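Chains j, n, g, c, i, s and w supply the protein sequences, listed in that same order. Letter by letter, the first sequence follows residues 5 to 100 of the authors' numbering. Letter by letter, the second sequence follows residues 2 to 61 of the authors' numbering. Letter by letter, the third sequence follows residues 1 to 154 of the authors' numbering. Letter by letter, the fourth sequence follows residues 2 to 205 of the authors' numbering. Letter by letter, the fifth sequence follows residues 5 to 130 of the authors' numbering. Letter by letter, the sixth sequence follows residues 3 to 83 of the authors' numbering. Letter by letter, the seventh sequence follows residues 1 to 102 of the authors' numbering. Please read the structure below before turning to the comments.
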Amino acid sequence: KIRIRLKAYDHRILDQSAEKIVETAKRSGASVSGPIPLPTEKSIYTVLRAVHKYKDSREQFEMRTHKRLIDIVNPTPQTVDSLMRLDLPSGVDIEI
Amino acid sequence: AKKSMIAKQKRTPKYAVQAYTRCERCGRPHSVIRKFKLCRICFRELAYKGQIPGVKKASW
Amino acid sequence: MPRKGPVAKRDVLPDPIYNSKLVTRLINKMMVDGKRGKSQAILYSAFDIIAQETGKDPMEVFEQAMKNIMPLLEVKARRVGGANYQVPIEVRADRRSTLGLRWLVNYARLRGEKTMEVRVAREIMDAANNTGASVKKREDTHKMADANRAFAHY
Amino acid sequence: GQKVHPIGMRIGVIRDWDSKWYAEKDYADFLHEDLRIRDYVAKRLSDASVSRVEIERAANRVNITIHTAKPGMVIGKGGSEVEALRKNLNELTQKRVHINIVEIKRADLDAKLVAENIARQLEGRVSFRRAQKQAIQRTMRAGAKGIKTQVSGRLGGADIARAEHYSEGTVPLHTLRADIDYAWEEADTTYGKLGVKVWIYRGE
Amino acid sequence: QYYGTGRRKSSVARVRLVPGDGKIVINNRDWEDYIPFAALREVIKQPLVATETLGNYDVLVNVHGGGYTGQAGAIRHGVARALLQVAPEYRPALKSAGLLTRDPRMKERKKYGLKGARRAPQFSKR
Amino acid sequence: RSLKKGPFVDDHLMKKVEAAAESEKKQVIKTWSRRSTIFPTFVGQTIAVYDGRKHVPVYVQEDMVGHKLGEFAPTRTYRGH
Amino acid sequence: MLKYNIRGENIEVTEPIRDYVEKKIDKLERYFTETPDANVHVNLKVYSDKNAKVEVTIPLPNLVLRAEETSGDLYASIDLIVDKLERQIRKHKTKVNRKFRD
RNA sequence: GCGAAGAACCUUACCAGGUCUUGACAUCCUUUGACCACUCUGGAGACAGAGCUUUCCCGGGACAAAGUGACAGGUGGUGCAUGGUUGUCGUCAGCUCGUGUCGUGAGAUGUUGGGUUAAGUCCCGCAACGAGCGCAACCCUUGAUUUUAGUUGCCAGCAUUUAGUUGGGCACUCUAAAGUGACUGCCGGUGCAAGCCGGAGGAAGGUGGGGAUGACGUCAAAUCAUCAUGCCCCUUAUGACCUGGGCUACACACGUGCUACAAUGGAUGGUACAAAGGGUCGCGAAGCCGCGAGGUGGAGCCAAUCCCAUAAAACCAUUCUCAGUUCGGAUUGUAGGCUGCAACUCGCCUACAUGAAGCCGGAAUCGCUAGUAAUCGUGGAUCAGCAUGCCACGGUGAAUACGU
Ligand SMILES: [Mg+2]
Ligand SMILES: [Mg+2]
Ligand SMILES: [Mg+2]
Ligand SMILES: [Mg+2]
Ligand SMILES: [Mg+2]
Ligand SMILES: [Mg+2]
Ligand SMILES: [Mg+2]
Ligand SMILES: [Mg+2]
Ligand SMILES: [Mg+2]
Ligand SMILES: [Mg+2]
Ligand SMILES: [Mg+2]
Ligand SMILES: [Mg+2]
Ligand SMILES: [Mg+2]
Ligand SMILES: [Mg+2]
Ligand SMILES: [Mg+2]
Ligand SMILES: [Mg+2]
Ligand SMILES: [Mg+2]
Ligand SMILES: [Mg+2]
Ligand SMILES: [Mg+2]
Ligand SMILES: [Mg+2]
Ligand SMILES: [Mg+2]
Ligand SMILES: [Mg+2]
Ligand SMILES: [Mg+2]
Ligand SMILES: [Mg+2]
Ligand SMILES: [Mg+2]
Ligand SMILES: [Mg+2]
Ligand SMILES: [Zn+2]
């Protein structure tokens with residue numbers, strides 16, 4: 005009855021950190037569904053390349069954000085403590 | 002005439018409509034993005050340096 | 001100076017009802033701004049007038065209308081030293097059909113009646129009877145080309 | 002012809018951007034805090050040959066690591082200069098700041114450190130031709146497969162500016178699996194302003 | 005059974021095939037309405053006309069996405085992939101008309117400095 | 003204010019003429035607010051309105067009610083070519 | 001009928017200068033017997049070491065006339081920029097006529 | 001339709017008037033340590049005169065009160081003094097070096113000659129043998145497919161619901177991580193070899209489609225106004241504050257766009273089909289009101305969940321009947337809405353009425369090779385409000401390429 009939301013700019017941290025939760029959660033809360041790859045949200049920022057003139061020459065940048073989902077059916081008394089103890093590094097945001 | 006202008010923008014104005022946005026590093030008024038609060042020039046020069054998280058050059 | 005020469009050609013799909021290639025190539029010729037429904041519909045209904053006015057065969061009469069306006073000769077001008085000479089030359093098999101539909105529709109717009117529906121249907125009637133503007137222009141091409149028969153191959 | 006920034010071309014492809022933190026609705030608030038942190042570090046540690054600084058932010062805690070070629074001034078016998086950082090950063094960060102210091106092995110392979118050592122000689126009235134050549138032959142012993150450097154500006158006191166570059170090795174800019182470092186630095190002279198550009202094709 | 009999910013442009017068409025009379029069902033709606041053009045109607049039966057099975061099977065279609073012509077193309081690919089599952093003996097017949105191929109044409113991307121995919125702003129000499 | 007919540011009248015301009023009803027066109031009013039709609043109370047008064055570099059006097063009529071002060075103080079100085 | 005347009009930068013486009021440019025480039029009409037009306041782009045600029053520059057573009061239909069000169073004073077450049085322009089009109093016109101006459 | 005990804009005040013760099021001189025912005029001086037904010041009066045405001053309070057915390061401090069200095073401040077000049085950044089030839093296939101050799105020498109060779117290629121890409125020959133920057137590949141995206149995963153996504157087979165609704169299941173699509181796949185790989189002919197032509201397999205065949213990627217250099221190309229900076233210049237002002245005006249002028253000339261000159265059309269009624277994005281001092285539904293722009297209302301949503309958000313051309317019926325018109329909408333009078341302290345100079349939208357030029361455009365000239373041109377809608381940045389501009393998304397969807 006517990007859901008986990010994970011977002012990150014780089015999925016390498018995300019996928020590795022997501023796996024850490026899955027192994028730890030099943031230790032106590034064995035009822036754990038697999039991670040769900042929610043759609044990624046992207047944004048573009050086109051910018052004039054020069055300083056003064058030349059509007060025809062531009063440059064484009066992007067920002068792709070990846071999201072995951074962890075679901076638990078039957079929790080355990082230590083499952084919340086296990087989730088609390090597992091502190092993911094920076095670059096990934098968790099949300100219970 | 003820019004040090005006076007930056008200081009003027011910092012303090013609260015008479016009415017909420019006089020307020021506007023200015024680039025934090027350099028201080029040019031035109032073409033500022035309020036996601037980063039940088040102008041189009043400081044945004045490019047500093048994104049190359051790998052200091053804006055998430056931002057990368059876009060091929061597609 | 002550049003370019004490798006021969007290139008591939010587009011395909012044509014067999015339309016229903018009036019299964020033909022000229023009909024499908026005629027629909028796309030008089031279509032504007034990619035509105036297939038507008039251009040296709042006026043052709044299908046136009047064949048009704050062909051049947052009601054002079055009912056022989058909608059598939060036919062249209063046929064010899066094409067084989068009466070397609071040119072046999074052609075002129076491809078070239079510039080020689082001092083003066084430009086209009087060189088007569090034959091017409092290829094593919095451009096034989098292309099120059100027919102274009103001449104049919106250019107002068108179907110200039111006919112001068114209420115609707116394009118009537119104008120296109122009437123024009124092929126005149127061509128099927130060796131009359132009209134479309135037939136007239138082909139004779140101009142033949143008269144000019146055969147007038148310069150001298151330096152045809154030379 | 003204008004060249005793309007060699008570092009910027011490789012962000013997220015083979016390397017990783019320096020400041021690595023995630024936040025929403027606090028992006029511009031956090032981002033300009035980092036620009037303030039870097040400005041102070043580059044001020045006090047001007048002579049410590051500091052090259053790479055990254056920000057590691059997690060739940061109101063700021064973690065920063067300093068990559069130094071010569072950490073002896075930054076930490077060591079004194080054992081009290083590094084703690085002044087956390088005392089001189091709490092006023093503007095207002096957050097519990099922890100700082101880490103990391104040795105840089107083979108400091109000649111880092112394009113940042115090579116840049117100012119070339120630069121510092123230019124205002125020492127050293128000829129531009131000698132300064133670049135000395136650095137090129139120093140880095141080749143370190144294990145790099147390529148180096149080319151230029152110095153541009155009012156060159157040697159000349160009225161008309163021009164650029165001069167020296168190369169030996171392999172510096173493929175267009176290759177994306179290259180791992181090429183980059184640095185640009187200012188040489189403050191009494192005849193004008195000079196800039197040095199250095200890029201090194203590292204080993205792996 | 006006989007799932008032949010096929011695609012065209014931005015359209016995806018999942019088709020399940022069953023033997024029957026020949027009725028075509030699209031989103032619980034008669035196929036005379038969803039496809040108005042008879043010209044667009046013939047192309048639906050091309051996989052069913054190369055092999056003589058037109059009056060033998062019923063198609064249940066749950067298409068979603070793309071323009072009205074887009075579903076017409078995607079449903080032609082839908083039946084052919086499902087029909088090929090019915091019997092592999094039809095592969096040389098359908099391959100001759102190029103019906104197994106999924107068309108690779110997609111609308112391009114706009115480019116900066118251009119008014120579309122390839123349109124260029126008017127050039128003035130002086 | 004071009005809405006139901008209007009009209010808009012400048013305070014310091016409105017108050018000055020209000021106490022000038024005793025004068026009854028005996029004093030010129032020197033004001034800068036051009037964004038004030040002309041009220042019925044203003045009728046018969048003469049006001050000097052700043053046109054960007056100086057003050058230009060205008061005598062208020064009945065027909066001028068509902069308009070702005072600046073409408074009768076042209077700014078750009080055009081004299082043909 | 002020629003229509004002029006002088007882009008005076010780092011200099012003032014005085015009326016005597018305008019008349020000098022207009023009358024000197026106006027004699028080109030004798031050559032090209034029908035000059036279709038077109039816009040002339042003229043640029044003037046002076047350095048710190050007393051050098052004058054003139055650039056002229058006269059986009060006739062098939063004739064793209066250009067010439068750019070650097071000399072001591074402003075008037076010498078304008079008088080010396082006719083020679084570069086007159087050559088191109090004589091070059092282009094006599095190239096067309098004599099070649100098609102083998 | 002260039003800096004400007006938003007000029008009503010601010011922006012603003014200009015003008016008129018009204019003001020200040022260690023100053024609007026930082027350091028070091030010295031006494032208190034909070035300093036203010038607010039109300040009233042004169043106020044166009046800046047600012048002038050009074051009262052309430054200024055509670056610092058821990059001898060430290062940052063700011064503030066007070067006058068002084070060192071000093072500050074210039075969007076003032078020079079882009080022919082410069083750093084950095086960018087355009088252009090041009091994504092054109094070239095530009096050089098090490099050692100050797102030839103020549104008195106500048107120079108030459110390699111890089112030429114015969115084939116081939118998109119390509120100094122490759123093969124053979126050769127007084128040359130090799131290398132570097134360029135080309136190609138490595139990167140992203142689209143097109144086919146396997147495993148992992150079923151939520152906020154999907155509904156095969158089901159029972160129920162006004163409605164995939166609810167119960168139920170990942171069957172299929174779907175989303176995203178890891179892999180397979182295209183590499184002249186194979187076959188036939190041709191050639192000596194590079195290679196070339198055709199064919200099979202495949203979703204895809206000859207660098208598949210499209211991007212990112214721009215060599216030595218040329219134009220003393222552009223930018224001292226994004227930032228930095230040598231020299232020169234100003235400093236009771238070329239620095240600083242406020243209100244108002246202007247950057248929106250107008251006999252005219254040029255460039256770039258939007259709308260039209262109608263019947264493949266206008267008007268009226270019904271109805272179907274998307275992709276890509278935004279939303280917390282934010283999006284804003286149902287309901288009610290108004291002809292309308294809009295008003296009240298507050299649901300749900302920190303979002304594969306809710307909102308923006310009914311896609312338009314297209315399709316189906318009636319009418320108009322070739323006219324300056326039931327085409328076209330400029331222009332103008334009146335009455336309104338919305339943002340904002342404020343819409344006169346100078347904003348956008350709505351209702352009624354007025355109804356202009358225009359019936360395909362001279363000389364000349366521009367773009368485009370396939371999901372392209374053409375045409376129709378949609379979204380986002382800047383943004384209180386304001387785009388016919390810019391940057392992206394999808395729907396329908398051509399003609400032609402003999403040839404140099
Ligand atoms: Mg604003
Ligand atoms: Mg141009
Ligand atoms: Mg002369
Ligand atoms: Mg443009
Ligand atoms: Mg002002
Ligand atoms: Mg007080
Ligand atoms: Mg007071
Ligand atoms: Mg220059
Ligand atoms: Mg190429
Ligand atoms: Mg040579
Ligand atoms: Mg060769
Ligand atoms: Mg090839
Ligand atoms: Mg090569
Ligand atoms: Mg072979
Ligand atoms: Mg093949
Ligand atoms: Mg390449
Ligand atoms: Mg110049
Ligand atoms: Mg200039
Ligand atoms: Mg300066
Ligand atoms: Mg302007
Ligand atoms: Mg109308
Ligand atoms: Mg108004
Ligand atoms: Mg009306
Ligand atoms: Mg008329
Ligand atoms: Mg007419
Ligand atoms: Mg807006
Ligand atoms: Zn900036």
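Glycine included, each C-beta is placed from N, C-alpha and C at the ideal position.
Of the candidates j:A12, j:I6 and j:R16, j:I6 places its Cα closest to the Cα of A29 (chain j). Interface with chain i (8 Å Cβ-Cβ cutoff): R68 (chain j) is excluded. Within the stretch 11–81 of chain s, the alpha helix (DSSP H) runs of at least 4 residues that lie entirely inside it are, in chain order, 13–20. DSSP places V42 (chain c) inside the alpha helix (DSSP H), whose first and last residues are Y28 to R45.
In the structure shown, the three-state DSSP call for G10 (chain i) is strand.
In the same chain as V77 (chain j), and ignoring 5 residues on each side of it, the C-beta atoms closer than 6 Å to its own belong to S35, in chain order. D49 (chain w) is classed as exposed because its beta carbon has fewer than 16 other beta carbons within 10 Å across all chains shown.
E57, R58 and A59: these are the residues of the stretch 53–71 of chain c whose beta carbon lies less than 7 Å from some beta carbon of chain j, given in chain order. Secondary-structure assignment with DSSP links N39 (chain w) through a beta bridge to w:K3.
Closer than 7 Å to some heavy atom of ligand 16: that does not describe the Cβ of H81 (chain i). For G28 (chain n), the nearest beta carbon of chain c is not closer than 8 Å to its own beta carbon. For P125 (chain i), the shortest C-beta to heavy atom distance toward ligand 4 is below 7 Å. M74 (chain c) carries a helical assignment under DSSP once its states are collapsed to helix, strand and coil. The beta carbon of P14 (chain n) does not come within 8 Å of any beta carbon belonging to chain c, so the residue lies off that interface.
The residue among s:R3, s:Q47, s:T39 and s:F41 with its C-alpha nearest the C-alpha of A22 (chain s) is s:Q47. For chain g, the residues of the stretch 36–49 of chain i that bring a beta carbon within less than 8 Å of one of its beta carbons are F41, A42, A43, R45, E46 and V47, in chain order. With a cutoff of 8 Å on beta-carbon distance, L42 (chain j) and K71 (chain j) are scored as near each other. A contact is defined here as three or more CB-CB pairs under 8 Å, and the stretch 3–18 of chain n fails this definition with respect to the stretch 66–74 of chain c. Listed along chain j, the residues sitting closer than 9 Å to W22 (chain c) by beta-carbon distance are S94 and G95. Within the stretch 88–146 of chain c, the runs of beta strand (DSSP E) at least 3 residues long that lie entirely inside it are, in chain order, 97–104.
Look at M67 (chain j) here: in three-state DSSP terms it is strand. Take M144 (chain g), set aside five residues on each side of it, and the residues of its chain with a beta-carbon closer than 8 Å to its own are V75 and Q86, in chain order. At least one C-beta of chain g is nearer than 8 Å to the C-beta of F100 (chain w).
At a cut-off of 8 Å between beta-carbon atoms, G117 (chain i) makes contact with chain j.
Flagged as an interface residue toward chain i: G37 (chain g), by a C-beta distance shorter than 8 Å. Just so you know, the alpha carbons of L93 (chain c) and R58 (chain c) end up roughly 15 Å apart.
Sorting g:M1, g:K4 and g:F151 by C-alpha distance to the C-alpha of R79 (chain g) places g:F151 at the top.
For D25 (chain i), the closest alpha carbon among the candidates i:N60, i:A121 and i:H68 is that of i:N60. Taking all protein chains in view, the Cβ of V120 (chain g) is crowded by 16 or more other Cβ atoms within 10 Å, so the residue is classified as buried. Counting along the chain, the unbroken beta strand (DSSP E) around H166 (chain c) starts and ends at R163 to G170. Around ligand 3, the residues selected by a Cβ distance under 7 Å to any of its heavy atoms are w:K24, w:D79 and w:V82, following chain order.
In this structure, g:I27 is the residue among g:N84, g:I27, g:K35 and g:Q64 with its C-alpha nearest to the C-alpha of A46 (chain g). Below the 7 Å Cβ cutoff, chain c contributes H6, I8 and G9 as neighbours of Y49 (chain n), in chain order. Proximity of chain i to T57 (chain w) at the Cβ level (cut-off 8 Å) is accounted for by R130, in chain order. When the beta-carbon positions are compared, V115 (chain c) and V42 (chain c) stay at least 8 Å from each other.
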